[PDB]
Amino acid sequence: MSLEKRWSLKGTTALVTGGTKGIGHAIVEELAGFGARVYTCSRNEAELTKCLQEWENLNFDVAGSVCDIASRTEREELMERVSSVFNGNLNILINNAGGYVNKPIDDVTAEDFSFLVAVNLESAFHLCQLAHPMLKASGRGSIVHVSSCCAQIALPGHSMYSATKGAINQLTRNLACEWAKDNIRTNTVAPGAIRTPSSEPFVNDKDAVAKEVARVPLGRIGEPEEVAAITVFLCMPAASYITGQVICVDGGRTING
């Protein structure tokens, strides 16, 4: 296969959960920029409609609908709309939307626990199950979860958040092996500190980011499109021999002494 084909996504369809802000927003534009048809979602109808209007002016083909992926019913309705819009053919699934709690281990409540598990673990797992017939039908499927580099080290207050992301890391390996017979590859991008609306409060704390950036060899927090780039590459045919891998996008955070 030629270079132009191997580095292209024209004629592919993709689903990105939580694509109205930050990393997921960058992933949607990065996928559409390489010729993919993108479907996304969020919980805010006004914000989602503004983004769909913005992407239309950029000549992108992006559809979407309101969906809280922490609800089993709404995950099923979402995959039913995706299956009808894309005619049951889905090439790409990006499990981007997540949830975050920053509390010491003693302070994690029962509701904190179930919230993180529902949005970070059960949602991705169920969406993979629902996507399986469509990924197999497309002929070339690519699942990319976005996890966190703190699923390999210990950060203060990240216990249950990092634990759910660690489960996602292992789920990557099971999916890659079980669904290899369906020509479906599964990988994970694990970001470090990235400038998103969710990381804004931490970013506006001068003393907090100074502690963080000092641990980063590249000496800065990452940008959303620095995560979206590798995410998109893993979905290209050029990555046809890469499956089951956890790629850290952290500027060297986790490997730094």
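Residue indices: 1-based, along the sequence shown.
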item: Stretch with the higher entry mean CA B-factor, where the candidates are 211-219 and 198-206; value: 198-206
item: Mean temperature factor over C-alpha atoms, higher-scoring stretch between 43-51 and 22-30; value: 43-51
item: Top residue by Cα temperature factor, when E178, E111, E76, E122 are compared in the entry; value: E76
item: C-alpha B-factor winner, where the candidates are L130, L93, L116, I153; value: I153
item: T231 - which third its CA temperature factor falls in, relative to the rest of the chain; value: lowest
item: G166 - which third its CA temperature factor falls in, relative to the rest of the chain; value: lowest
item: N102 - which third its CA temperature factor falls in, relative to the rest of the chain; value: highest
item: Modelled-residue ranking by C-alpha temperature factor, third containing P237; value: middle
item: Third of chain Cα B-factors occupied by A193; value: middle
